[PDB]
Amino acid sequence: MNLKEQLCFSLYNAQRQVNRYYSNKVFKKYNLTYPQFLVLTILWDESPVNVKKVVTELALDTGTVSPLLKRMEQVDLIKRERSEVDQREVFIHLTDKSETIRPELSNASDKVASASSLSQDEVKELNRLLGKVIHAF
C-alpha cells in the first residue's frame, strides 16, 4: 500500500519530525520537552494564565497537568500560584528563565510553516483539517 496515503503514518511522522527538529535545535540547550514548550508558548502569549487554559489547549487528562506543571516549576520554568479566593484555582507565571527562552521559540509555529514551504492558505487548511481530526471524537 501507499503509506504516504496513510494518515496514521502521516500524523505520527509529521509531529514526530517537528519534535525531533526542535528537540535538537533548541530543547536541549534548555532541557525542554515538546509539551513544556507548548506551555511556555501559551505563557509567552499570556503573562499569567489559569491552569485550566493549559488543560484546554493540550490533550491533558486528570492529574497529568498537575505533574507536568510541577516539573516545570521545579526547573524554574514557571511559577504556580493557588488562589486565596477559590483554592482549587491555580495560575501559572513565566519566570525570568522562561522569559529568556522567549526569543528562541516564540516564532516556532512558523519556523515550521516556512521550513515546510507552506503558504498562508495551505497552513490555514492544514490547521483546518487537523482541526477535524482533533474533535473527531
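Numbers for residues come from their place in the sequence shown, where the first is 1.
Q: So, looking at the entry's B-factor column for Cα atoms, which has the higher mean, 71-79 or 103-111?
A: Per the PDB record, 103-111.
Q: Hey, which bit's got the bigger mean C-alpha B factor in the entry, 38-46 or 59-67?
A: Looking at the recorded C-alpha B-factors, 59-67 comes out higher on average.
Q: By the entry's C-alpha temperature factors, tell me which of 97, 28, 93, 88 sits highest.
A: Highest CA B-factor of the listed options: 28.
Q: Per the entry's values, where does residue 11 land by CA temperature factor relative to the rest of its chain, in the lowest, middle or highest third?
A: Middle third.
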